[PDB]
């Protein structure tokens, strides 16, 4: 197995999930980790469990000559500046950049121009499509088992945002807002599943429950914690997103349903084991419901135990790394492009704007 040397820029929560997944893939060697918070470097080094060179600044990692590929897992509002440095570095390194790829309309416009002239693989790390149960419903939709598709519903019911370094995720300025930070994944799935582009978005949401009295270094937390979104698409399909960040009692965290003119399909995805009751491992299900003849078929979709244990996104990060590896080695394309990243972000920003202004937003 050809060795790829990975550099991690950002060494927090999600970086450690990247570490655990790369450990499952022969040929993967972390050589370099950059993070301006020493305790993050220590904790990530322990997770890696073998010697790496650490850096406080990403520019030193880029100049290190230690790496064949990068992973960026720093806070959302830092993604553009890190990417700009990579583009100007002359290293020509591949990049897996965590979602959201950026956090504002200005950032998005700039990244679009810059990324156009960069030739190395740039993959946006929206991994949800590779969850085995999600893959089944995408294959169903694309194969025509559902007929012509008209509707897509995504319901996410989960716990409040977790505690992060410097509390970065508690503020819209740093995150893009909830509909970008948490929901870009879902807007991307909408494009993928419907194979269509959005034309109009409306959202209603509020900051109603979570983190209400929390101030950090003189700032008040201002993130939406529940919302509904309706998205219209060019081809006369429509999708709906429901989010609650205070519905963590729900055994199933995600429900995704697709309705076509020949059938319906629905996946239910359990809470990750590390957040659920220690005890009852529940499996994800896919239920296919043809219009005629009546007779829904439901089955469980198992994930390999090691793939599943390595992350909190139901095996998806592992398949993302297989895909990125093939891109680095020039044996595969980038499945999730900058342009996918930009569309999902602009959809999320349009949603955040709709929530504020109480009006639908055109795209």
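Residue numbers count along the first chain shown, from 1.
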190-198 or 205-213, whichever carries the higher mean Cα B-factor: 205-213
302-310 set against 63-71, stretch whose average Cα temperature factor tops the other in the entry: 302-310
Given 150, 291, 275, 174, the residue at which the Cα B factor reaches its maximum: 275
Peak C-alpha temperature factor (PDB record), options 250, 78, 282, 257: 282
Chain-relative CA temperature factor third for residue 15: lowest
Within-chain third of residue 221 by Cα B-factor, per the entry: highest
Position of residue 271 among the chain's modelled residues by C-alpha B-factor, lowest, middle or highest third: highest
Where the record places residue 154 (Cα B-factor, split into thirds across the chain): lowest
Cα B factor band for residue 160 (lowest, middle or highest third within the chain): lowest
